[PDB]
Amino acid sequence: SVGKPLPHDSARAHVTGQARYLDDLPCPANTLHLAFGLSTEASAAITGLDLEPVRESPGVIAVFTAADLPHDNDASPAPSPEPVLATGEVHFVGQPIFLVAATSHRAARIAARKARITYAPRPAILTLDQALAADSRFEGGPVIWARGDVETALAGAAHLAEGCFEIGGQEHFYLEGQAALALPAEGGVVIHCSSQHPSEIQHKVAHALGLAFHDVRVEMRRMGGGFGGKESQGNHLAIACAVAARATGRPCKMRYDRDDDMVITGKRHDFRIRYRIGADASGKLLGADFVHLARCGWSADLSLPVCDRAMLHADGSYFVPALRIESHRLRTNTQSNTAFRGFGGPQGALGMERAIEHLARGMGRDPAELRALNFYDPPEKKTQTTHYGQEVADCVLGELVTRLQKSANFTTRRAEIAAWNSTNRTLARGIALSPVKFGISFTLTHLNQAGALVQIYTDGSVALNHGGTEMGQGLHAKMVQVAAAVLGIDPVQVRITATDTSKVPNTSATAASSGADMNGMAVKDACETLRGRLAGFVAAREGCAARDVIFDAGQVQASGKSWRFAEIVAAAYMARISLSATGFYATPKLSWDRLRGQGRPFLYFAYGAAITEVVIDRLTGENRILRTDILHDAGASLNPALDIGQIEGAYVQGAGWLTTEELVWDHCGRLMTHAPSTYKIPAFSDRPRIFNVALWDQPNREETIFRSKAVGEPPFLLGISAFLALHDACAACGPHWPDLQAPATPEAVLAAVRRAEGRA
């Protein structure tokens, strides 16, 4: 069924309000409810913790402290401790110190607020400079990768653009907040939660509790959104539930109220990027030198790999003969930043895209042309490598951009805009084209494995189960389509079951746009095992070769006779042929040195391009996207509808990151943007007024699942297109470099306009 525009596995369930999320699941009347008490300092020791008014607030059954933690006190997805409950001291505003179990979610929140805490405040690292200043950083020193010698290259550069600029954070705002439920089950526990990484939940809850892994089970059917936000931040909730269940004897639920959610959970690493970029007089790049300053928050989380991926993506779409990155992952007393769609990718990418925009402007060249001049070569002596030294052999970017440019009416429109600007003085339009080259696979290599388990029942129906978790990306349907396609039966015959650590074990998070790639392979592997069994059985009954038995369109055919798939299965049932199979996949060809910055960490790249058109109000900075034109490479898409969906969704989130979305702390480290009224994601009429998305349809060179390509993250970076276009509107208000900062709020657009006009 692969290739068909089939709907989401739960489309109807959604549309009817019957699709359950964690807070919907039935559960025993004795279930308790959990709220954290949070730190009100950014960097203090606790000298006084009086919790008496908390224990005495109504409905409250238990109050918990780090001292009350049976075993482990660590929710970090990384080898460095991160307490779930504050251990004698606090590290940002919002840090859980104690935990309340009470007979309702209100009661719990209410009492969480009643603690008498005394602190002995300390100096707090809140700005990236204070961080360099104090040496508040992770890893001990920056990570440094160089290919060639930038300094030399730049020294001889016909053209140079030196620059520096800010890329701001980003809060997920998954519509379904963080949430978990722990069910004590004689000896062990069962965890239900809103998570992208059930196996890590299992690991963490186990250690929290002192149990072997085989006593902790994690079931998870679907999330109302995750975007990386639930790649690890689910840990504190699950631990909280488990520990509290162990103590109280009763089931325990905890869902963060939205404010708590934004105060507690990490966000996307904000960056300062400083760059020097040089070209010869033909317009070929000579060299690029980057320094990355990334805000990691108070604990490591997944900062190490995130930052690694920014570095890896610092080449943008372009071949560069000499390149260096210096990556400072700085510790601050703020929200421990984490994964978010793109995982460092869009940050490094934007750094480079800004640099190349600069150079283009600075030699007064058309930026599009300059980029097109520096794409990696088309596929076909020794292939161009990346800065990390991976050969780039799938780069279709040159042609895609050509195709997109004609079909978007690119040339003409630009003239149309110039003319328009020339007749206007209050409003102004910009337009930009930006490419995408995204590398596919966990850069932590051994995470590139996936498992599936498939059952065929005697009525011919199939139960499908894999390690991937569904958070809206349409993973489950693609998994259904693969299995249907391999068994040669209608999708309708394949039912998807909740992800469950006791069904498929040792699974990676559903991340690095690898879910469908690897689980797709895993599902097809169990499926072929199952088909192999039926063929070999039929062949022997009907006299002939198994490869001659055909499974198609819910019929089986052998020896000129044909049956229904069911009839065959009932026959193999009676013949005592196992109708169960596990399936497993590990991505091939991957090897690289994290430290030396050399190797092949990726299997392939996912490409695309977008052309955003916008308008700005020169008085206030107010603005709109008017039109967008995307061409994107999904490989041989497994589901073209679901894919267009991901791209449309990804673009809007990317563009949103570079426009109205802004994180803001006060001078004491308090998050001021901590609710929907203060943090502003694209609202409805923010969609590009004209939204044209089309798939570059061309199979993958590498042997991925039916020659498709991950579409999970790549299309998020198409949002740069918008920020670039916005800056193009500014650059038409004056002769000066606008130096637009991200996010491009109206304020930030007004400032960049004023520079370009050249006034204060």
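The first residue of the shown sequence is 1; numbering continues from there.
According to the entry, the deposited sequence places 10 or more unmodelled residues between residue 380 and residue 381. Of the two segments examined, 599-607 and 406-414, it is 406-414 that shows the higher average Cα temperature factor in the deposited entry.
Comparing 548-556 with 229-237, the stretch with the higher mean C-alpha B-factor in the PDB entry is 548-556. Remark: of 82, 459, 500, 528, 82 shows the highest value [criterion: C-alpha B-factor in the PDB entry]. Of the candidates 581, 181, 509, 419, the PDB record gives 419 the highest C-alpha temperature factor. Per-chain ranking of the deposited C-alpha B factor places residue 24 in the lowest third.
The PDB entry assigns residue 194 a C-alpha temperature factor belonging to the lowest third of its chain's modelled residues. Ranked by C-alpha B-factor against the other modelled residues of its chain, residue 617 falls in the highest third. In the deposited entry, the Cα temperature factor of residue 9 sits in the bottom third of values across the chain's modelled residues.
The entry lists a Cα temperature factor for residue 391 that places it in the middle third of the chain's modelled residues.
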